[PDB]
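For reference, the structure is listed below as C-alpha cells.
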Amino acid sequence: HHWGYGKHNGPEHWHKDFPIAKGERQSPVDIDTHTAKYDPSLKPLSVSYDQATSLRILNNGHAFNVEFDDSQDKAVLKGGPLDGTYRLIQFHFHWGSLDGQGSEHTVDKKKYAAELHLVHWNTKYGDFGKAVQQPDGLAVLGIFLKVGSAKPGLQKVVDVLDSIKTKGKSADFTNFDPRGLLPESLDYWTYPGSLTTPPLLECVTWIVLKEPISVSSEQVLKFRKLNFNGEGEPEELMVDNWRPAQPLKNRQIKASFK
Ligand SMILES: NS(=O)(=O)c1ccc(CCNC(=O)Nc2ccc(I)cc2)cc1
Ligand SMILES: [Zn+2]
C-alpha cells in the first residue's frame, strides 16, 4: 500500500508514512505575485547546459525522469539565490488529466497544464544522496507548461514515451539538449522548500520561472497515455501526478524582477 496519487494513497495520506508532509517548509506553494517582493540582491540565474549528457529515460511509476551523467561538472545551475555549483541530475514533469490542472506551484491560484522540474544537487555534498539530507542540498528549476503552440525541443521526449509506457521501463536517451525546454526569460521567484513527493525532504531551493513554455495539446495528450502500473497490471493512466499547494508558513517568496 505504497504512496501515489489515488484516493487511497494520494497527497492527503502521505503524512502517515512521511510526517514531514506537515512540516515548516513544504512544497509546492501558491505564488502570490502581489506579496512576492523584488530582491535586488539576487543575481541573474546562470543555466549552463551546453555540455549536458543525457543517458536514459525511466518511468518510475510516479513520473518519467530524463537522467543525466552527473559524474562531472557539465550541466550546472549557479547564481540567482544559490551559493556554489549545482549539477543537473534529472528532469521530470507533473501534469493533469485536463488542461486546467497539472502544475504543482500555482500563480495567484492559477494552475497550469503541467510543470517541468530540472533537479540539481549542490556539489559541495559530493553525491545526490548526501545532498538531500541538507537544507541547501538541491536546487529545482520549475517551469510552467501551458497548452498552445508545440514546443519543438520537447518532441524527442514525447516520441520515446511509447517505449516506457509502464512502471520500471527505461530506454536509452542520449544527446537530448535541455536548453530546448527553457523559455526566453529567466525571470523567477524563489523560496526555500521541499521535494514535492515522498520522502518530502526539506532540502530544496526552489527557482520558479515566471514565463511558461507552450506545448501542444497533442504533446500533453502523449504524457497522459503513460501508465502508473507495471506491465501486465490493470491500466491506470499516469495523470494528475501533482501535489497541491501547501501552507507558506514562515516563508517569503522573493522575485528576481520588478
Ligand atoms: N518533484 S521534485 O522536483 O520536488 C523531486 C522529488 C523527488 C526527487 C527524488 C528523491 N529521491 C531521494 O530522496 N533520493 C534518494 C537517494 C538515495 C537514497 I539511499 C534514498 C533516496 C527529486 C525531485
Ligand atoms: Zn517534481
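So you can find residues: chains in the C-alpha cells are A, B, ... in the order shown, residues in each start at 1, and ligands are numbered from 1 in order.
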Excluding residue 104 of chain A and its own-chain neighbours fewer than 3 positions away, which residues fall within 12 Å of it when counting only C-alpha atoms? Please give them as a ChimeraX atom specification. /A:11,26-31,93-96,101,107,109-117,142-145,195-197,208,240-246
Expected file contents, prior selection, C-alpha atoms, as an mmCIF file, in the first residue's frame:
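Saved result, out_18.cif, follows:
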```
data_model
loop_
_atom_site.group_PDB
_atom_site.id
_atom_site.type_symbol
_atom_site.label_atom_id
_atom_site.label_comp_id
_atom_site.auth_asym_id
_atom_site.auth_seq_id
_atom_site.Cartn_x
_atom_site.Cartn_y
_atom_site.Cartn_z
ATOM 1 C CA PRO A 11 -1.240 13.532 -1.043
ATOM 2 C CA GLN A 26 6.863 22.073 2.285
ATOM 3 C CA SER A 27 6.382 22.424 -1.453
ATOM 4 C CA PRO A 28 4.719 23.309 -3.697
ATOM 5 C CA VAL A 29 3.138 26.651 -2.708
ATOM 6 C CA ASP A 30 0.906 29.259 -4.264
ATOM 7 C CA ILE A 31 2.936 32.234 -5.536
ATOM 8 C CA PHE A 93 7.172 16.719 -15.231
ATOM 9 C CA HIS A 94 3.903 16.776 -13.301
ATOM 10 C CA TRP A 95 0.686 17.047 -15.355
ATOM 11 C CA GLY A 96 -3.087 16.848 -15.280
ATOM 12 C CA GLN A 101 -4.729 21.461 -13.889
ATOM 13 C CA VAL A 107 0.445 31.650 -9.561
ATOM 14 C CA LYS A 109 -4.110 30.330 -7.524
ATOM 15 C CA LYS A 110 -3.834 29.710 -11.355
ATOM 16 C CA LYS A 111 -2.975 26.085 -12.240
ATOM 17 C CA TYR A 112 -1.007 25.399 -15.416
ATOM 18 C CA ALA A 113 -1.384 22.235 -17.539
ATOM 19 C CA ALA A 114 1.952 20.880 -16.362
ATOM 20 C CA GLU A 115 5.227 21.767 -14.601
ATOM 21 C CA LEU A 116 8.825 20.812 -15.533
ATOM 22 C CA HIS A 117 11.300 20.216 -12.709
ATOM 23 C CA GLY A 142 10.468 24.869 -12.131
ATOM 24 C CA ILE A 143 8.920 25.846 -15.472
ATOM 25 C CA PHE A 144 5.184 26.035 -16.157
ATOM 26 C CA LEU A 145 3.642 24.480 -19.297
ATOM 27 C CA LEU A 195 10.676 17.649 -2.502
ATOM 28 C CA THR A 196 7.051 17.507 -3.705
ATOM 29 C CA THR A 197 6.944 13.662 -3.498
ATOM 30 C CA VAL A 208 10.246 29.004 -10.452
ATOM 31 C CA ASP A 240 -2.793 14.173 -12.020
ATOM 32 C CA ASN A 241 0.636 13.276 -10.579
ATOM 33 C CA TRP A 242 0.787 16.661 -8.792
ATOM 34 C CA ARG A 243 0.818 17.634 -5.095
ATOM 35 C CA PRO A 244 -1.434 20.620 -4.326
ATOM 36 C CA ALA A 245 -0.160 23.859 -2.776
ATOM 37 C CA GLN A 246 0.998 23.603 0.849
#
```
Could you pull out the residues sitting within 7 Å of ligand 1, using only C-alpha atoms and all ligand atoms, and write them as a PyMOL selection string? chain A and resi 117-119+128-129+132+140+194-199+201
Grab the residues selected above and save them as a PDB file, in the first residue's frame with C-alpha atoms.
```
ATOM      1  CA  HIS A 117      11.300  20.216 -12.709  1.00  0.00           C
ATOM      2  CA  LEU A 118      15.031  20.337 -13.536  1.00  0.00           C
ATOM      3  CA  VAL A 119      16.676  18.808 -10.471  1.00  0.00           C
ATOM      4  CA  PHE A 128      22.866  13.409  -4.590  1.00  0.00           C
ATOM      5  CA  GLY A 129      22.022  11.080  -1.662  1.00  0.00           C
ATOM      6  CA  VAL A 132      19.037  15.559   0.014  1.00  0.00           C
ATOM      7  CA  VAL A 140      14.961  22.694  -8.580  1.00  0.00           C
ATOM      8  CA  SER A 194      10.926  20.594  -0.171  1.00  0.00           C
ATOM      9  CA  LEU A 195      10.676  17.649  -2.502  1.00  0.00           C
ATOM     10  CA  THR A 196       7.051  17.507  -3.705  1.00  0.00           C
ATOM     11  CA  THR A 197       6.944  13.662  -3.498  1.00  0.00           C
ATOM     12  CA  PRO A 198       7.837  11.369  -0.640  1.00  0.00           C
ATOM     13  CA  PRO A 199      10.183  11.478   1.133  1.00  0.00           C
ATOM     14  CA  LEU A 201      12.699  16.198   2.407  1.00  0.00           C
TER      15      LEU A 201
END
```
Can you pull out the residues contacting segment 155-160 of chain A? Cut-off 9 Å, using only C-alpha atoms, and skip same-chain residues under 3 positions away; I want them as number ranges by chain. A: 57, 66, 150-152, 163-164, 171, 173, 176, 219-220, 222-223
Selected residues written out, N, CA, C and O atoms, as an mmCIF file, in the first residue's frame:
```cif
data_model
loop_
_atom_site.group_PDB
_atom_site.id
_atom_site.type_symbol
_atom_site.label_atom_id
_atom_site.label_comp_id
_atom_site.auth_asym_id
_atom_site.auth_seq_id
_atom_site.Cartn_x
_atom_site.Cartn_y
_atom_site.Cartn_z
ATOM 1 N N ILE A 57 15.906 7.464 -20.060
ATOM 2 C CA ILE A 57 14.563 7.904 -19.636
ATOM 3 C C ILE A 57 13.941 6.737 -18.907
ATOM 4 O O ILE A 57 13.963 5.628 -19.416
ATOM 5 N N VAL A 66 14.148 11.973 -17.142
ATOM 6 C CA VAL A 66 15.289 12.031 -18.087
ATOM 7 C C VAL A 66 16.525 12.252 -17.234
ATOM 8 O O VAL A 66 16.637 13.285 -16.533
ATOM 9 N N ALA A 150 3.140 23.990 -30.142
ATOM 10 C CA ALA A 150 4.073 22.934 -29.754
ATOM 11 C C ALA A 150 5.426 23.508 -29.349
ATOM 12 O O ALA A 150 5.868 24.564 -29.825
ATOM 13 N N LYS A 151 6.088 22.769 -28.458
ATOM 14 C CA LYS A 151 7.478 23.061 -28.081
ATOM 15 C C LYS A 151 8.356 22.111 -28.876
ATOM 16 O O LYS A 151 8.395 20.910 -28.611
ATOM 17 N N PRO A 152 9.071 22.584 -29.911
ATOM 18 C CA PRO A 152 9.826 21.636 -30.753
ATOM 19 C C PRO A 152 10.856 20.837 -29.957
ATOM 20 O O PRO A 152 11.004 19.659 -30.225
ATOM 21 N N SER A 163 7.788 3.772 -25.563
ATOM 22 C CA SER A 163 8.751 2.713 -25.183
ATOM 23 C C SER A 163 8.896 2.571 -23.682
ATOM 24 O O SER A 163 9.531 1.627 -23.251
ATOM 25 N N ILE A 164 8.334 3.488 -22.868
ATOM 26 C CA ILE A 164 8.402 3.404 -21.393
ATOM 27 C C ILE A 164 7.004 3.559 -20.818
ATOM 28 O O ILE A 164 6.803 4.258 -19.815
ATOM 29 N N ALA A 171 14.567 3.412 -21.208
ATOM 30 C CA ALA A 171 15.082 3.438 -22.589
ATOM 31 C C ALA A 171 16.326 4.311 -22.648
ATOM 32 O O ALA A 171 16.423 5.351 -22.003
ATOM 33 N N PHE A 173 18.473 7.234 -23.833
ATOM 34 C CA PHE A 173 18.019 8.590 -24.198
ATOM 35 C C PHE A 173 19.206 9.518 -24.144
ATOM 36 O O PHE A 173 19.306 10.398 -23.302
ATOM 37 N N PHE A 176 20.090 14.411 -25.653
ATOM 38 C CA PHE A 176 18.928 15.316 -25.500
ATOM 39 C C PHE A 176 19.427 16.602 -24.852
ATOM 40 O O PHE A 176 20.109 16.589 -23.848
ATOM 41 N N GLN A 219 1.099 17.080 -27.636
ATOM 42 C CA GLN A 219 2.241 16.732 -26.770
ATOM 43 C C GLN A 219 1.745 16.316 -25.395
ATOM 44 O O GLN A 219 2.153 15.274 -24.855
ATOM 45 N N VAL A 220 0.855 17.076 -24.786
ATOM 46 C CA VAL A 220 0.423 16.697 -23.411
ATOM 47 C C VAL A 220 -0.475 15.460 -23.473
ATOM 48 O O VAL A 220 -0.438 14.677 -22.505
ATOM 49 N N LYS A 222 0.087 12.920 -25.139
ATOM 50 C CA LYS A 222 1.032 11.774 -25.101
ATOM 51 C C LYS A 222 1.543 11.562 -23.676
ATOM 52 O O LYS A 222 1.718 10.403 -23.271
ATOM 53 N N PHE A 223 1.723 12.596 -22.865
ATOM 54 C CA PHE A 223 2.068 12.365 -21.454
ATOM 55 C C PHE A 223 0.967 11.540 -20.793
ATOM 56 O O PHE A 223 1.226 10.676 -19.988
#
```
Can you tell me which residues surround residue 191 of chain A at a distance of at most 12 Å, considering only C-alpha atoms, apart from same-chain residues fewer than 2 positions away, and format the answer as number ranges by chain? A: 25-31, 36-37, 39, 42, 80-82, 105, 136, 139-142, 188-189, 193-194, 202-208, 248-256
N, CA, C and O atoms of the current selection, written as a short mmCIF file (atom, residue, chain, number, x, y, z; two decimals), in the first residue's frame:
```cif
data_model
loop_
_atom_site.label_atom_id
_atom_site.label_comp_id
_atom_site.auth_asym_id
_atom_site.auth_seq_id
_atom_site.Cartn_x
_atom_site.Cartn_y
_atom_site.Cartn_z
N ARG A 25 8.50 23.79 5.84
CA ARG A 25 8.97 24.35 4.54
C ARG A 25 8.61 23.33 3.45
O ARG A 25 9.48 22.94 2.63
N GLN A 26 7.33 23.01 3.32
CA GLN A 26 6.86 22.07 2.28
C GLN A 26 6.55 22.79 0.97
O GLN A 26 6.17 23.96 0.94
N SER A 27 6.66 22.00 -0.08
CA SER A 27 6.38 22.42 -1.45
C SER A 27 5.34 21.52 -2.10
O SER A 27 5.22 20.35 -1.72
N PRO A 28 4.64 21.97 -3.14
CA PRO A 28 4.72 23.31 -3.70
C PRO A 28 3.95 24.33 -2.88
O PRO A 28 3.35 23.94 -1.85
N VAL A 29 3.89 25.56 -3.33
CA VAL A 29 3.14 26.65 -2.71
C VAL A 29 2.46 27.45 -3.80
O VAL A 29 2.85 27.40 -4.99
N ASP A 30 1.45 28.21 -3.42
CA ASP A 30 0.91 29.26 -4.26
C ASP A 30 1.84 30.46 -4.23
O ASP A 30 2.26 30.88 -3.13
N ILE A 31 2.14 31.00 -5.39
CA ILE A 31 2.94 32.23 -5.54
C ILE A 31 1.97 33.38 -5.68
O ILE A 31 1.34 33.54 -6.69
N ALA A 36 4.94 38.69 -3.26
CA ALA A 36 6.37 38.42 -3.58
C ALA A 36 7.08 39.76 -3.71
O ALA A 36 6.58 40.66 -4.39
N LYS A 37 8.23 39.87 -3.10
CA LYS A 37 8.95 41.15 -3.19
C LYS A 37 10.20 40.99 -4.03
O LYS A 37 10.99 40.02 -3.85
N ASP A 39 13.86 41.34 -4.82
CA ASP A 39 15.08 41.26 -4.01
C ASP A 39 16.24 41.71 -4.89
O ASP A 39 16.72 40.94 -5.71
N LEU A 42 19.49 39.45 -5.22
CA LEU A 42 19.57 38.20 -6.04
C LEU A 42 20.50 38.46 -7.24
O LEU A 42 20.69 39.61 -7.62
N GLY A 80 21.67 33.37 -9.15
CA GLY A 80 20.36 33.58 -8.51
C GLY A 80 20.50 33.63 -7.00
O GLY A 80 21.35 34.34 -6.43
N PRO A 81 19.68 32.85 -6.25
CA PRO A 81 19.79 32.77 -4.82
C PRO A 81 20.86 31.81 -4.31
O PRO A 81 21.05 31.70 -3.15
N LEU A 82 21.52 31.09 -5.22
CA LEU A 82 22.38 29.94 -4.89
C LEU A 82 23.79 30.38 -4.52
O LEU A 82 24.34 31.30 -5.15
N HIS A 105 3.21 24.11 -8.32
CA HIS A 105 3.10 25.54 -7.96
C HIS A 105 1.91 26.10 -8.71
O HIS A 105 1.56 25.66 -9.82
N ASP A 136 20.26 23.05 2.07
CA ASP A 136 20.64 23.68 0.79
C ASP A 136 21.18 22.62 -0.16
O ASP A 136 22.07 22.92 -0.96
N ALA A 139 18.67 22.31 -5.82
CA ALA A 139 18.04 23.45 -6.49
C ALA A 139 17.17 22.87 -7.57
O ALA A 139 17.64 22.11 -8.40
N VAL A 140 15.88 23.16 -7.52
CA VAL A 140 14.96 22.69 -8.58
C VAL A 140 14.46 23.91 -9.34
O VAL A 140 13.91 24.85 -8.72
N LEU A 141 14.70 23.89 -10.63
CA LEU A 141 14.22 24.90 -11.58
C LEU A 141 12.87 24.42 -12.07
O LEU A 141 12.79 23.37 -12.73
N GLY A 142 11.83 25.18 -11.74
CA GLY A 142 10.47 24.87 -12.13
C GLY A 142 9.98 25.74 -13.27
O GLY A 142 10.19 26.97 -13.21
N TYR A 188 12.43 34.97 -12.30
CA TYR A 188 11.98 33.88 -11.43
C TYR A 188 11.52 34.42 -10.10
O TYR A 188 11.83 35.53 -9.63
N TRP A 189 10.82 33.53 -9.40
CA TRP A 189 10.53 33.58 -7.95
C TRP A 189 11.37 32.52 -7.25
O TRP A 189 11.62 31.46 -7.83
N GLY A 193 12.09 25.32 0.14
CA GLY A 193 11.03 24.33 0.28
C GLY A 193 11.52 22.93 0.30
O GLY A 193 12.57 22.61 0.89
N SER A 194 10.79 22.05 -0.33
CA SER A 194 10.93 20.59 -0.17
C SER A 194 10.83 19.83 -1.48
O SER A 194 10.33 20.39 -2.46
N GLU A 202 13.11 18.45 3.21
CA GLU A 202 13.19 19.91 3.20
C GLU A 202 14.58 20.36 2.81
O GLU A 202 15.31 20.94 3.60
N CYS A 203 14.94 20.13 1.56
CA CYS A 203 16.33 20.25 1.07
C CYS A 203 16.40 21.09 -0.22
O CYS A 203 17.49 21.13 -0.80
N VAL A 204 15.33 21.75 -0.60
CA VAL A 204 15.25 22.39 -1.95
C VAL A 204 15.23 23.90 -1.87
O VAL A 204 14.39 24.46 -1.18
N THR A 205 16.08 24.56 -2.64
CA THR A 205 15.90 25.95 -3.03
C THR A 205 15.10 25.91 -4.30
O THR A 205 15.60 25.42 -5.35
N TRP A 206 13.87 26.38 -4.28
CA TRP A 206 13.01 26.43 -5.46
C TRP A 206 13.27 27.68 -6.26
O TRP A 206 13.30 28.77 -5.69
N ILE A 207 13.38 27.54 -7.56
CA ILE A 207 13.55 28.66 -8.50
C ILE A 207 12.47 28.43 -9.55
O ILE A 207 12.60 27.49 -10.33
N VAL A 208 11.40 29.22 -9.56
CA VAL A 208 10.25 29.00 -10.45
C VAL A 208 10.21 30.14 -11.47
O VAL A 208 10.11 31.28 -11.07
N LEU A 248 2.33 28.24 3.27
CA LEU A 248 3.59 29.02 3.15
C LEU A 248 4.27 29.13 4.50
O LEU A 248 5.51 29.10 4.58
N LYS A 249 3.52 29.20 5.60
CA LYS A 249 4.10 29.29 6.97
C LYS A 249 5.07 30.47 7.04
O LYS A 249 4.71 31.50 6.51
N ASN A 250 6.21 30.28 7.64
CA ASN A 250 7.08 31.43 7.94
C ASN A 250 8.06 31.54 6.78
O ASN A 250 9.30 31.28 7.07
N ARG A 251 7.54 31.80 5.57
CA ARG A 251 8.41 31.96 4.39
C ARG A 251 8.02 33.17 3.59
O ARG A 251 6.86 33.57 3.58
N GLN A 252 9.01 33.72 2.91
CA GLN A 252 8.85 34.83 1.95
C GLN A 252 9.31 34.35 0.58
O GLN A 252 10.35 33.70 0.45
N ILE A 253 8.49 34.60 -0.39
CA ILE A 253 8.82 34.36 -1.81
C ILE A 253 9.44 35.66 -2.35
O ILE A 253 8.88 36.78 -2.16
N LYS A 254 10.63 35.53 -2.93
CA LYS A 254 11.39 36.68 -3.47
C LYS A 254 11.33 36.64 -4.97
O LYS A 254 11.35 35.54 -5.54
N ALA A 255 11.20 37.76 -5.62
CA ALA A 255 11.17 37.92 -7.08
C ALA A 255 12.52 38.42 -7.57
O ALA A 255 13.12 39.33 -6.92
N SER A 256 12.97 37.95 -8.72
CA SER A 256 14.23 38.43 -9.32
C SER A 256 14.01 39.71 -10.14
O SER A 256 15.03 40.22 -10.60
#
```
For the helix (DSSP H, G or I) assignment from backbone DSSP, which residues of segment 149-192 of chain A qualify? Please present them as JSON, numbers by chain. {"A": [152, 153, 154, 155, 156, 157, 158, 159, 160, 161, 162, 163, 164, 178, 179, 180, 181]}
Kindly export the residues of the current selection with C-alpha atoms, as a short mmCIF file (atom, residue, chain, number, x, y, z; two decimals), in the first residue's frame.
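Listing of part_34.cif after writing:
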```
data_model
loop_
_atom_site.label_atom_id
_atom_site.label_comp_id
_atom_site.auth_asym_id
_atom_site.auth_seq_id
_atom_site.Cartn_x
_atom_site.Cartn_y
_atom_site.Cartn_z
CA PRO A 152 9.83 21.64 -30.75
CA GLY A 153 12.52 20.80 -28.16
CA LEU A 154 10.03 18.59 -26.23
CA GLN A 155 9.12 16.32 -29.19
CA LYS A 156 12.11 13.92 -28.76
CA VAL A 157 10.81 13.25 -25.23
CA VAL A 158 7.18 12.83 -26.44
CA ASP A 159 8.24 10.35 -29.14
CA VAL A 160 10.08 7.94 -26.74
CA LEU A 161 7.16 7.67 -24.22
CA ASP A 162 5.60 4.73 -26.09
CA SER A 163 8.75 2.71 -25.18
CA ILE A 164 8.40 3.40 -21.39
CA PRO A 178 17.54 20.51 -22.15
CA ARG A 179 18.18 24.09 -23.42
CA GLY A 180 15.25 23.38 -25.80
CA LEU A 181 12.83 23.27 -22.82
#
```
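Among the candidates A:91, A:125, A:68, A:228, the residue lying nearest to ligand 2 is A:91 (atoms considered: only C-alpha atoms and all ligand atoms).
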So that I can check the surroundings of residue 51 of chain A, please list as an MDAnalysis selection string every protein, DNA and RNA residue that reaches within 9 Å of it, counting only C-alpha atoms and ignoring chain neighbours fewer than 6 positions away. chainID A and resid 73:75 177
Only C-alpha atoms, please: the residues just picked out, written as a tab-separated table (two decimals), in the first residue's frame.
```
chain	number	residue	atom	x	y	z
A	73	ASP	CA	30.57	19.30	-13.72
A	74	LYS	CA	28.90	19.53	-17.15
A	75	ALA	CA	25.33	20.90	-16.89
A	177	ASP	CA	19.54	19.06	-25.07
```
